[PDB]
Amino acid sequence: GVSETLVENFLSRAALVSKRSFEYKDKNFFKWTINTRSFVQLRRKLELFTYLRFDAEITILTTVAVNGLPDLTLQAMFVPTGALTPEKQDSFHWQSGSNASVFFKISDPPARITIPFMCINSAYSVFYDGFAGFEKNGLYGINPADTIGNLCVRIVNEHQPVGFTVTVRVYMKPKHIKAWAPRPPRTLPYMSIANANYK
Amino acid sequence: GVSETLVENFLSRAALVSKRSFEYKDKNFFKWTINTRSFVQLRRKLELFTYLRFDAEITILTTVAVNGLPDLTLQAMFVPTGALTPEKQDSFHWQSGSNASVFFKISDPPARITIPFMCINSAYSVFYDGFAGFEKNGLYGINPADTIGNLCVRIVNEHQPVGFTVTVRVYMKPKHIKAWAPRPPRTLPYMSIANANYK
Amino acid sequence: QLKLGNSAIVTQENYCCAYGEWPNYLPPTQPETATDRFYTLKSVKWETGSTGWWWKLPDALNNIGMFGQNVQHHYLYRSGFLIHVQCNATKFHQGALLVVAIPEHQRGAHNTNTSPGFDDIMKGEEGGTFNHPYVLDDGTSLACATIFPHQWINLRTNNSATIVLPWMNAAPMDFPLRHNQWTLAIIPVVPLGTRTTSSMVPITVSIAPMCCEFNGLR
Amino acid sequence: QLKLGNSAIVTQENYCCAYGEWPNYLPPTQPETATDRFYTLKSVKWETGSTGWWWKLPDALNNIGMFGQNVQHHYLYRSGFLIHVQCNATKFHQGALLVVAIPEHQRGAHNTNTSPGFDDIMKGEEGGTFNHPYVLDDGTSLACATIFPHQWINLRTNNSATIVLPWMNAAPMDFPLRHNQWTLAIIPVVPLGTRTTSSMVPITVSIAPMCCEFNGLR
Amino acid sequence: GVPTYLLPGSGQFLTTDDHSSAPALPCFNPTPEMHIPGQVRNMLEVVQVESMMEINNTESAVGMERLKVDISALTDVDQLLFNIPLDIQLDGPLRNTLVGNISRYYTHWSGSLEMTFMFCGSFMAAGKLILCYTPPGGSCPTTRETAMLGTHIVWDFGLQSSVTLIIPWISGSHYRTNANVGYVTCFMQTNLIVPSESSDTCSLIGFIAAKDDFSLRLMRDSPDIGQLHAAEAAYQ
Amino acid sequence: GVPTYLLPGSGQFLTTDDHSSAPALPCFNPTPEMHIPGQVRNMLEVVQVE
Amino acid sequence: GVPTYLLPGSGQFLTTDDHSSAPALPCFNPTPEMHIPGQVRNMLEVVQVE
Amino acid sequence: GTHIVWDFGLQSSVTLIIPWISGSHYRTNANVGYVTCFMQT
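Heads up: the sequence lines are chains A, B, C, D, E, F, G and H, in that order.
Heads up: the first sequence is residues 99 to 297, going by the numbering used here.
Heads up: the second sequence is residues 99 to 297, going by the numbering used here.
Heads up: the third sequence is residues 378 to 595, going by the numbering used here.
Heads up: the fourth sequence is residues 378 to 595, going by the numbering used here.
Heads up: the fifth sequence is residues 21 to 256, going by the numbering used here.
Heads up: the sixth sequence is residues 156 to 205, going by the numbering used here.
Heads up: the seventh sequence is residues 156 to 205, going by the numbering used here.
Heads up: the eighth sequence is residues 30 to 70, going by the numbering used here.
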């Protein structure tokens, strides 16, 4: 039983990290800034450590419901750090080749991409005891190198005369987890996703 | 013909173990506490022995009928012993990563998971000549370690304007069956799934 | 002669190693001369119309002696048993006992949906009595009850039966106060009979816990 | 005696190599006798009702001496630390310090959603004070804070604690003016106590930057 | 071509699978692995680190008053100090420890614990305590003479101000809803003897670590956290 | 890639099949096999008892 | 046949993939590789020019 | 205590070894124990 307590076996678990329902007739898509700070259950597992080095295995699961279910084609373009995120459903950045788009359907098995380790440094600073900006307006606890990127998902199809809600569940499973410098488990509840405020 | 009488060949048979039709518009899902005591045909085969050690190979088979058949996405999250079971279709426990969810569709081939051997002890006490609770209110014949878990199945989709019944057939096929201490076959009919009362 | 510890039995008229397993220790304290002794139970008045008797183990020995102390003071137990049942009849009594040791004998009540309580299961030194011995009081069949370890006391042939029970659990150690592994079931298949008297042949049960282990002393 | 560079400490009453790592150089300029010296901070007045003190590193040493010059003139730094905390009490004071060195101690404000500013984090030579030391001012637990490198100053037993911090970063070199790797957190778990006076036991913190590297001189 | 057929369980997203998937950015070399100190390869290394118990399990103990037990002239000759119900699962003295927060991610825990009680009085302060490991099964000792019978160790505090108290094998969630797997009680043995300059009130810090045989399995979610401001800023 | 084609009998749930399927809880070590007395490997051993 | 099952990420067009696909005109021999001067194998060779 | 359940089929006689006593070592010799026999069946 000493092998289930491996940090590989402790953290590599495809937990839900993003869930947003967008209508179709953010305007009719959604972008999700890839952080581990979204849900309180995976965050407290990852706030057990200080430095993490993991490849995320993002599995985009798209459901659909009207108001016959249509068979759509979706795009799940991953906008990395530095590249620009789309502001519209039909913007030019969806056509950008150098971003890692993946084209899938609702009726397919869920799309699955392995986002690599994309920090500038050798590990993700889960807790950063510093400041990003070089002035005093820079936010605390935000490493400039911690940014995974942006997962931008739209419907490739044109406008259809049916109005229908598209709910997208994004499942992240960290891979090849190397973890450094364990921390105490956080006992008090969270107050924001940006910082470690307590009540 | 001495090989078909092997206990591996005698018990590894994907018999129906659960069948519940839930509506969609337990409230609009179903959980099934995984026991072998459900149907009288597989139970009498497994009450031939005292101690069983089997991996269950659960095959969730979902049909659908209205009142065009919609193409839904289902979840078949296995809640083990100790973890919490959902009480609603949209509860937080469906999003819990550490539970073994599997996401499948109606139009796919049936979802199939191999639940491992999950007793605390070295075999499942099919008949437990003891008491679970430490007071005299504890029930007889219920091993605290015999609990497989809970198979909780919902429809991942949001509300759809059609009203339709979803019938789910769960097929369990024990695997790697090691069986100890055979018993007489039960001749009198059952009276309850919890105990061995006779009439 | 069966002498274990201080209690001896000078038995005067054949082991059944139950499932072929001789009881050994766990590969904990090991009382080897304090508890390894024949806790001879009370002899049961076997008339003609007697249905049977059952002693769940170690429920039969939770109140008796050094093993009875080491149940109500320790927390877990690991111990095989050696049951010597002797049914001392003359050459004029007839009958047949299925002295069968049923592992995990989850009993069932008759004609109700309610499970049997603590009072209906954990009898102790007084033992139990089969309400319906044809179905072993668990809905099964007495006719197939020889699948368990058993010896026959056919009073034509023998008066005794010796069953050597191993540690029969999925767990390595278990509760003595809650769980009962075995069940010595003595069921008269062919009832007692003699014309001159409605006779009695008392059936002496002597249960020696072999290779006792214990843990958790309070 | 702890003599590094020109500053010496004649300490008169046990290393904790933090995460088992002795600080080495990067496999840049290397000031080996200019900065590798004990920048003894101001001793803190430890009363009974004191909650704790925290010194973020190298924020505590950005204004002090040759290391303070080489922060405000260079751009990157690579330097382990050697913190010698000494809490000079008599044989009549009682108490216990968790002298713990927390890497990447991202603090949290109490009862607001606003992040802590530059003023609430980058204190310097004056150091900080735990507003809620039971939760380390980051929502975690003091009870589990021994998962970090730490030594106990139990005034019954010892008055000193020596923690040898390595280079703790994902990056090979980082900002001294913006980023603070470690945080020397001294928290009195058992408070100070003596009946005759509401006494003070001043806690001297001496932080020697081991194996300084620097780059980017303007 | 290669004649194939789809099995049941095809096109399913099983969340606990381990399949090599297509990387989003191939031919992208990440930052190389630098030797960062203190790699945790195994969560048992987090658990085996000692961590303070909340051995003041009384009412109106707010914050850091839970981590210490005041002993003084108020404590009688053989009265009581604390009992520690060995319930990693339940809300007690072991809930907010490293052994009691990592093992709330895991259902079955099976191994030897290791308590450590550090005395935090003055150097002149002498006196005896009596630490009593109590197994699972019966009543908790209320008098000191009842505590004389089980496992235990009379602890004077002169030279040795710390006691390693090896709790034996437990196997944890093996008996039942984890109710009670025993106690560690401490009574006053003699009295607390401080001079006229030391404080009349001393204190005890209790640690707990798991030993190297501590095993853990069947991962679940922790019930500790549960319910954010600017939570939708990731979608903005 | 590997050029494949679906046979007849694809995507069927045949109840008597024996195919290795994806375990729900991998990297979960079950309770080890302890020597419980009286293992029945073969149902003829049940039948040959009188 | 060979018993297979579809993974997640099946039937997706990931734009950065590298899979050998069916050529539109097989058994068509292109123009052979002639030594044209100044092959750039690596974009750093473009950058290192002043 | 010490004892031995004695059926009477074949063995109609029981040697019962009383252990070491030392006799007039405890006190007027009052009571140095008993050998009791009850009915079993």
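All residues carry an ideal CB built from backbone N, CA and C; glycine is no exception.
Would you verify that the beta carbon of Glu205/F is, or is not, closer than 8 angstroms to some beta carbon of chain C? yes
Inter-residue Cα distance where the pair is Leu64/E and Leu133/E: 12 angstroms
Own chain, CB closer than 8 angstroms to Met289/A, minus 5 neighbours either side, in chain order: By the criterion of a C-beta distance shorter than 8 angstroms, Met289/A is surrounded in its chain by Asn295, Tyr296 and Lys297, once the five residues flanking it on both sides are discounted.
Hey, quick one: how far does the alpha helix (DSSP H) through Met443/D stretch, first residue to last? Run containing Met443/D: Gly442 to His450, per the alpha helix (DSSP H) assignment.
Measure the alpha-carbon distance for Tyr125/E versus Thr103/A and round it to whole angstroms. 10 angstroms
Using a Cβ-Cβ cut-off of 8 angstroms, state whether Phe176/A counts as contacting chain E. yes
Whose Cβ in chain A lies nearer than 8 angstroms to the Cβ of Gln59/E? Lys276, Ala277 and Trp278
Whose Cβ in chain D lies nearer than 9 angstroms to the Cβ of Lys143/A? Near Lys143/A there are no residues of chain D at all, since even the closest Cβ is about 14 angstroms away, more than 9 angstroms.
For a cutoff of 8 angstroms on Cβ pairs, would you count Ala112/A as touching chain B? yes
Output the distance between the C-alpha atoms of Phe128/A and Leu172/A, rounded to the nearest integer angstrom. 12 angstroms
Count the other C-beta atoms from every protein chain shown that fall within 10 angstroms of the C-beta of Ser575/D, then say buried if there are 16 or more, exposed otherwise. exposed
DSSP state of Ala437/D, grouped into three classes? helix
Name the residue from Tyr396/D, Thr489/D, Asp497/D and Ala395/D whose alpha carbon lies nearest to the alpha carbon of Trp431/D. Cα-wise, what sits closest to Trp431/D is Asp497/D.
Should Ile564/D and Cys464/D be called a contact, given that it needs their Cβ atoms to be closer than 8 angstroms? no
Span of the alpha helix (DSSP H), counted from its first residue to its last, around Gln139/B: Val138 to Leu144 is the extent of the alpha helix (DSSP H) around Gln139/B.
Tell me which residue opens and which closes the beta strand (DSSP E) that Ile225/E is part of. Looking at the DSSP string, the run of the beta strand (DSSP E) that includes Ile225/E is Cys222 to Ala230.
N-terminal and C-terminal residue of the beta strand (DSSP E) that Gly570/C is part of: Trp559 to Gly570
Please compile the residues from chain C whose C-beta is within a distance smaller than 7 angstroms of the C-beta of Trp35/H. Contact note: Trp35/H reaches chain C through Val387, using a C-beta cutoff of 7 angstroms and chain order.
Would you call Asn557/C buried or exposed, if buried means 16 or more other Cβ atoms sit within 10 Å of its Cβ? buried
Segments of 3+ residues assigned as beta strand (DSSP E) that fall wholly inside the segment 202-241 of chain B: 209-213
Pairwise C-alpha distance: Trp559/D and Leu418/D: C-alpha separation (whole angstroms): 16 angstroms.
Over what stretch of residues does the alpha helix (DSSP H) that includes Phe108/B continue unbroken? Element bounds for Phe108/B: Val105 to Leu109.
Leaving out the 5 sequence neighbours to the left and right, which residues in its chain are closer than 7 angstroms to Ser110/A when beta-carbon positions are compared? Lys271, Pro272, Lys273 and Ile275
Unbroken stretches of the alpha helix (DSSP H), 4 residues or longer, contained in the segment 257-294 of chain B: none
Residues of chain E with CB under 8 angstroms from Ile211/B, in chain order? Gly29 and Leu34
Any C-beta of chain C sitting closer than 8 angstroms to the C-beta of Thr154/E? Closer than 8 angstroms: yes.
Between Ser101/B and the rest of its own chain, which residues show a CB-CB distance below 7 angstroms, the 5 nearest in sequence each way excluded? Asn107
How would you list, in chain order, the residues of chain G whose beta-carbon sits under 8 angstroms from the beta-carbon of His174/F? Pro158
Within the 8 angstroms Cβ cut-off, does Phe229/A reach chain D? yes
Given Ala209/B as reference, the closest of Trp192/B, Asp244/B, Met216/B and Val251/B once Cα atoms are compared: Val251/B
Out of curiosity, what's the CA-to-CA distance linking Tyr269/A and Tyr452/D? 40 angstroms
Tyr149/B touches chain F at which residues, Cβ-Cβ below 7 angstroms? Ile191
Looking only at C-alpha atoms, which of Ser189/A, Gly166/A and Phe225/A sits nearest to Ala279/A? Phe225/A
Under 9 angstroms from the C-beta of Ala547/D: neighbouring residues of chain E: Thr51, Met54 and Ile56
Closer than 8 angstroms between beta carbons: that is the criterion. Which residues of the segment 130-160 of chain E meet it against chain C? Listed by position along the chain: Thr154, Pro155, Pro156, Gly157, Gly158 and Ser159.
Check whether chain B comes within 8 angstroms of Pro480/C, counting only Cβ atoms and requiring the distance to be less than that. yes
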